[PDB]
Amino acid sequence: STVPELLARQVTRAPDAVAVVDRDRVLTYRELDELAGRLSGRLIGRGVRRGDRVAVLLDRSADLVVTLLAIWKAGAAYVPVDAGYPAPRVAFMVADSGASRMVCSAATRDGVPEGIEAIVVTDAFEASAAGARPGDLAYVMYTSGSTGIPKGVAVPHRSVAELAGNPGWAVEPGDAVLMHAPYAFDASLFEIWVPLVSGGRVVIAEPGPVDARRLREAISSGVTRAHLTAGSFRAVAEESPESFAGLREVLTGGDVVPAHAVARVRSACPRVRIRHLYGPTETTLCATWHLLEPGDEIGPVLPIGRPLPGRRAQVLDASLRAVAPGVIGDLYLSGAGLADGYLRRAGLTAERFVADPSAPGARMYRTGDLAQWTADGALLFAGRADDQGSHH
């Protein structure tokens, strides 16, 4: 599948439902589709062709959502660049990804590198679409992991759709999801694409970081689901856990989240669902998750959890044999959601996206993390393999 295909089902079902809320600008599903179609026509007219990478340099806004969908409708893949990155980082991402064009705004126009065509989103071609396809690239997102060397993770449409359309998200048409993660990072796949394939709405956060007070205001305005980075979640959980009250679900992940933080939220908010996400950019936002239902208490340990529907995890020893529960080993992720690999880096791809001994002809992603199973099949994180010098 592709996210545009899944979105099209929602445009047909409820075209006049709200899709994007940005300050006083409100876009319905049909309005979002039509705007993206017009910008797609503009992109095709500037020469964008299937498989091209198109860089994006924009502040979060309705125009950003329109732009990503337009790039997809033109058959191309987006290369998201944070407008606040230093110029050498931007130049590297554009050149390494092979992007010859960049969509920008008046405000970000000066950040387009020399030699790159700027397409100013706020500036007569007719709406036209080539159409997204499942095997084509959807985006190239840059990750340095724990290495310090940035690599472009090339993710196909099929993997983005497997993530966004997953039945476990439980996002419904009445939901409103707060959008504030950088679109250069893949938490944005939950904040943007999950609600849109589900019939819900994306609520663009006012500029600046989302703190407890802004979260309370967003909830009062109708936000029902919100993802916070592990750092932000831990802070609000310890300082103002009642600020999550009224959410249907709070989500968090990335860095380590201690069980105590989750326990603080559950104590303050008995009826909020709390979801912990785990996974690398290489397997599209998250591969495993742990959900605390309303009223349930978290144990002494917060698992990274169980594989998402359609995914699998393995914990293998140094001989590539599966270990028994309670034994720490190397974590490998498989099933749905794998990236194609690292753009222009086949050798690196071949040493991390490796053959899966448990599934014919398939690959598994070597996370570089350590984990152990619980007796009934959830996973506990045990640190990065390259950070065991910190465990004493």
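Note that residue numbering follows the sequence shown and begins at 1.
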query: Interval residue 123-residue 124, deposited residues with no coordinates in the entry (none, 1 to 3, 4 to 9, 10 or more); finding: 1 to 3
query: Which of 219-227 and 100-108 has higher mean CA B factor, as the PDB entry lists it; finding: 100-108
query: Residue range whose averaged C-alpha B-factor is higher in the record, 136-144 or 79-87; finding: 79-87
query: C-alpha B-factor winner, where the candidates are 165, 279, 300, 309; finding: 300
query: Highest recorded Cα temperature factor - choice among 286, 127, 250, 176; finding: 127
query: Assigned third (lowest, middle, highest) for the C-alpha B factor of residue 12; finding: middle
query: B-factor third for the C-alpha atom of residue 46 within its chain; finding: highest
query: Chain-wide C-alpha B factor ranking for residue 343, given as lowest, middle or highest third; finding: middle
query: Ranked C-alpha temperature factor of residue 55 among modelled chain residues, by third; finding: middle
query: Residue 242 - Cα temperature factor, lowest/middle/highest third of chain; finding: highest
